[PDB]
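Q: Residue numbers (the authors' numbering), protein chains in the order written: chain D, 1002 to 1007; chain B, 1002 to 1007; chain A, 40 to 372; chain C, 40 to 372.
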Amino acid sequence: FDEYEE
Amino acid sequence: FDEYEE
Amino acid sequence: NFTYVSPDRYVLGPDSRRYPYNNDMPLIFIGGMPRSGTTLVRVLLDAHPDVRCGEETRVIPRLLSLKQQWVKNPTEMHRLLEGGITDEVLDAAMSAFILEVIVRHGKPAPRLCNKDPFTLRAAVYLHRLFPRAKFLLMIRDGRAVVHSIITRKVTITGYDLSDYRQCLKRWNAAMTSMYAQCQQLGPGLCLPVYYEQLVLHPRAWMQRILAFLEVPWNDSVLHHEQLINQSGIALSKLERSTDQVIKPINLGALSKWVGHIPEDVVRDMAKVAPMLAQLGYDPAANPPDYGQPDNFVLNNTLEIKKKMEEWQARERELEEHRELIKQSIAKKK
Amino acid sequence: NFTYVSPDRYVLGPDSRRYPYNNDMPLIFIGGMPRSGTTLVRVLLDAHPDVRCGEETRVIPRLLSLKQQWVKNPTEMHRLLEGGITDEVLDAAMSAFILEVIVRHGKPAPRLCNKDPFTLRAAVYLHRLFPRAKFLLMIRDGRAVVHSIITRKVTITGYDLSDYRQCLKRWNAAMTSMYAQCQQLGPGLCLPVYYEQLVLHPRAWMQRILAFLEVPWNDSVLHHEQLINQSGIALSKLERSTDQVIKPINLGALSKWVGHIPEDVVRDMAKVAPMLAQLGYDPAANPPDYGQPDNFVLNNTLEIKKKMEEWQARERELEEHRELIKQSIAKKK
Ligand SMILES: Nc1ncnc2c1ncn2[C@@H]1O[C@H](COP(=O)(O)O)[C@@H](OP(=O)(O)O)[C@H]1O
Ligand SMILES: Nc1ncnc2c1ncn2[C@@H]1O[C@H](COP(=O)(O)O)[C@@H](OP(=O)(O)O)[C@H]1O
Ligand SMILES: [Mg+2]
Ligand SMILES: [Mg+2]
Ligand SMILES: [Mg+2]
Ligand SMILES: [Mg+2]
């Protein structure tokens, strides 16, 4: 998982 | 999407 | 120390009959491999006046899978913990989502049920969410399950529809997992229901199931085809089992698979699918002797053969109600 | 018809002070692009005695994204409707999940808040779930946002950290969507909060925010660094903004980006990022004149500079705590 996902 | 996902 | 009370939200309908609901309610979860009799057994329960199950929700197993992806990834699990998203928090959110779906997607009833096959991979987690829920795990000969998957082209992520051996190995792994979850919970919480035995002996098996669930016997469960005909059981025209469950319980699908498994897989069957013998299915037998059919189910089977033109009509009307939808989907294009 | 009464679940903090909760409560959702001042503004609201926001939940934006995948796909949309999973059912489930996370992942307060940046892409849908919620959309010069993303190597799905032009096009598309959601809701429901203005004029902008939310003024919002110091505001040591929000509001990040944008992108700025001029940022200015700083924030900025060693100690102790955890992750593997 990235720091954020759109 | 498939009919089922495990 | 923070306490979080959740008073009974409730359903009301005609005559304002109240149906309260919360995580402690005695829910019924049904599952197993797809193509193992799960729709049949949920429809037999729907035929009881006290129980409502309804159609597959799809979103419940998909949310369970997404939750597993979160908690199993170590980086993500640590980010959640440092955001305050403890198991207590995540469990409260998950249970609230799942409960709302179960309650609202169908008519109210004294006992609510859900059937989505692969929920039983998460039965131990669901017992944590819903401590008074009970579980039915359908069991069917893996050779019959895989024959159904391949012949009917049922799409399941990771199942190669051109490969019996690969599908049986997937079946074997899935059932090792689901059977283990069921036995972790133990017999007060999870009842394995054998498809072939339910079909051969419906009155005795439905007695066993209803006693396990603490629901009183009702002969209505032996007339489910009539209750479908007067819209007392909800069915999705897009689910692949709808055209089979509209018939009375019958013998036609016990051993259709025989002679359709490639020779090399038949020779290797005990090694390909060790779960067969573990569950009581002889891997050397083509087919096992599943038992002697009750006269009730022999008679149903004969009557279906007599009314074959009436049943062919309804099968067609279902395929045409399917094409109307597959037109409305290419219209969304 | 069938009606679903959901009475008030509630929270008990110490001294048995009751905190009921349901979908009609006046929630506050904060969002915008990551690296636009979203943690700052939620920490300033946490500093108010009546409001609690807390850390990013991560699961709320992820659930919203998964839900979009379902209802966006025509085949799955049809399967859901045929399973009884109407918008009304799915909204009840989604709202319950989201509300449980917001309520339980932090301490109780008269007004509850959530900040997860990309939830504002779903603001119109969240207004359908939570009709009395209000929304704060952070706005920041896209050049500052992308400079932050790239220099701090913030991972965001689909952002190429080697490419300023690509990241500014992504910023532009995200803000066009989020700003449109905000204006669809309108000024009674969504307030754009401009980062550089909030930093330059914190008393006037916090007054404006608190008026919009219908929360009385409190000077405590101008001392948030002190409340962090005594654990009165919850922070995740794994979020990337923690080492900046521990400081008083200050001027250091307004225009750090200037001179770090490749010349071809500076030339093409107005075409690459047309949302800059739309939102009031001159794409030809490097930097825009964001305005004149209040003496309060000039004084804060001077005092931070005087304590440069005290702050660098805290920023290193933070990376140290980040190090312990990346150990506890290579050990979890
Ligand atoms: N009335 C009925 N009597 C016996 N078996 C039935 C039945 N209705 C459904 N089934 C069987 O249930 C299986 C589908 O299981 P599921 O609902 O878990 O997908 C099908 O197997 P086949 O595909 O081998 O015919 C079907 O024949
Ligand atoms: N006390 C403070 N004063 C001014 N800006 C602050 C601040 N605390 C955080 N910010 C700014 O908020 C930005 C991060 O926003 P978000 O919380 O939306 O990720 C950071 O920008 P930079 O990375 O340009 O320094 C940071 O400097
Ligand atoms: Mg009998
Ligand atoms: Mg008999
Ligand atoms: Mg006031
Ligand atoms: Mg001034």
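All C-beta atoms, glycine included, are put in the ideal place defined by N, C-alpha and C.
(1) How is the beta strand (DSSP E) around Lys154/A delimited, first residue to last?
(2) Starting from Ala312/C, find everything on chain A with Cβ-Cβ shorter than 8 Å and list it in chain order.
(3) When you compare the CB of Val232/A with every CB in chain B, is at least one pair closer than 7 Å?
(4) Buried or exposed for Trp296/C, going by 16 or more other Cβ atoms inside 10 Å?
(5) Kindly indicate which three-state DSSP category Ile272/C falls into: helix, strand or coil?
(6) Given this structure, state the Cα-to-Cα distance separating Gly227/C from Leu176/C, to the nearest angstrom.
(7) Taking 6 Å as the cut-off, is the C-beta of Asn338/A nearer than that to any heavy atom in ligand 4?
(8) Any heavy atom of ligand 5 closer than 6 Å to the beta-carbon of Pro255/C?
(9) Does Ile368/C have its Cβ less than 7 Å from a Cβ in chain A?
(10) In the DSSP assignment, find the unbroken beta strand (DSSP E) run with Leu293/A in it and report its ends.
(11) When you check each C-beta in the region 160–181 of chain C against every C-beta of chain D, which residues fall closer than 8 Å?
(12) Should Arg118/C be counted as a contact of ligand 3 given a C-beta to heavy atom distance under 6 Å?
(13) From the DSSP output, in three-state form, read off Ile300/A for me.
(14) Quick check: the region 56–65 of chain A against the region 72–82 of chain C, are at least 3 beta-carbon pairs closer than 8 Å?
(15) Give, in chain order, every unbroken run of the beta strand (DSSP E) that is at least 3 residues long and sits entirely within the region 45–113 of chain A.
(16) Please find out if some non-hydrogen atom of ligand 6 comes closer than 6 Å to the beta-carbon of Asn334/C.
(17) For the region 180–210 of chain A, list every residue whose C-beta sits within 7 Å of some C-beta in chain B, in sequence order.
(18) Determine the direct distance from the alpha carbon of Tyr198/C to that of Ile67/C, and round the result to whole angstroms.
(19) Mind listing the chain B neighbours of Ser275/A? Cutoff is C-beta to C-beta under 9 Å, in chain order.
(20) Give the range of the beta strand (DSSP E) segment to which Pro231/C is assigned.
(21) Per DSSP, which residues does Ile195/A bridge with? Please list them.
(22) Quick check: the Cα distance between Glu278/A and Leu237/A, rounded to an integer number of angstroms?
(23) If we cut at 7 Å on Cβ distances, does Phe251/A have a partner in chain B?
(24) If you draw a straight line from the C-alpha of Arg182/A to the C-alpha of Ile300/A, how long is it?
(25) Taking C-beta pairs closer than 7 Å, name the residues in chain C that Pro73/A reaches, listed in chain order.
(26) Please list the partners that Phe157/A has in chain B, where partner means a Cβ-to-Cβ separation under 9 Å.
(27) Under 9 Å Cβ-Cβ, which residues of chain D neighbour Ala213/C?
(28) Specify, as a first and last residue, the run of the beta strand (DSSP E) that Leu277/C falls within.
(29) Using 6 Å as the cut-off, classify the Cβ of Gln265/A as near or not near the heavy atoms of ligand 1, replying yes or no.
(30) Consult DSSP for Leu159/A and reduce its assignment to one of helix, strand or coil.
(31) Assign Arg171/C to buried or exposed, taking buried as 16 or more other Cβ atoms, counted over all protein chains shown, within 10 Å of its Cβ.
(32) On the DSSP bridge assignment, give the partners of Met177/C in chain order.
(33) When the Cβ atoms of the region 115–134 of chain C are set against those of the region 82–98 of chain A, are three or more pairs found closer than 8 Å?
(34) For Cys92/A versus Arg81/A, is the C-beta distance shorter than 7 Å?
(35) Could you name the residues that DSSP lists as bridge partners for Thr42/A?
A: Reading from the atomic positions:
(1) 150–154 is the span of the beta strand (DSSP E), which, as asked, contains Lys154/A.
(2) The contacting residues do not exist; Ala312/C stays about 30 Å from chain A at best.
(3) No, its Cβ sits nowhere closer than 7 Å to a Cβ of chain B.
(4) That one is buried.
(5) Coil.
(6) Their Cα atoms are separated by approximately 13 Å.
(7) No.
(8) True, at least one ligand heavy atom lies under 6 Å from that Cβ.
(9) Taking a beta-carbon distance threshold of 7 Å, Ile368/C counts as an interface residue toward chain A.
(10) Segment: none, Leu293/A is in no beta strand (DSSP E) and carries neither H nor E.
(11) Interface annotation for the region 160–181 of chain C against chain D: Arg160, criterion Cβ-Cβ distance under 8 Å.
(12) For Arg118/C, the Cβ stays outside the 6 Å cut-off from all heavy atoms of ligand 3.
(13) Correct three-state label for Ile300/A: coil.
(14) The answer is no - the region 56–65 of chain A does not touch the region 72–82 of chain C, with fewer than three Cβ pairs under 8 Å.
(15) Runs of the beta strand (DSSP E) lying entirely within the region 45–113 of chain A, each at least 3 residues long, are 48–51, 57–60, 67–70 in chain order.
(16) With a threshold of 6 Å, the Cβ atom of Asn334/C counts as near ligand 6, since some heavy atom of the ligand is closer than that.
(17) Those residues of the region 180–210 of chain A that come within reach of chain B (Cβ to Cβ, closer than 7 Å) are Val193, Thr194, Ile195, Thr196, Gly197.
(18) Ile67/C and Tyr198/C: Cα-Cα distance of roughly 28 Å.
(19) The premise fails here: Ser275/A is roughly 11 Å from chain B at the closest Cβ pair, so nothing lies under 9 Å.
(20) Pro231/C: member of the beta strand (DSSP E) spanning 229–233, first to last residue.
(21) Looking at the DSSP assignment, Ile195/A forms a beta bridge with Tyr1005/B.
(22) If you draw a straight line from the Cα of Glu278/A to the Cα of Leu237/A, it is about 21 Å long.
(23) So no, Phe251/A is outside the interface.
(24) Taking the straight line from one Cα to the other gives about 8 Å.
(25) The contacting residues do not exist; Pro73/A stays about 14 Å from chain C at best.
(26) Within chain B, the residues placing a beta-carbon under 9 Å from that of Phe157/A are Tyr1005, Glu1006, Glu1007, ordered along the chain.
(27) Within chain D, the residues near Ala213/C are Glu1007.
(28) Neither: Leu277/C is in no beta strand (DSSP E) and is coded neither H nor E.
(29) When distances are taken from the beta-carbon of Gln265/A to the heavy atoms of ligand 1, even the shortest one reaches 6 Å or more.
(30) Note: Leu159/A maps to helix in three-state DSSP.
(31) Classification of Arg171/C: exposed, given that the 10 Å Cβ count is below 16.
(32) DSSP lists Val232/C as partners of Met177/C.
(33) Flag = yes, the region 115–134 of chain C and the region 82–98 of chain A touch.
(34) Yes. Within cutoff.
(35) Beta-bridge pairing by DSSP links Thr42/A to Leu51/C.
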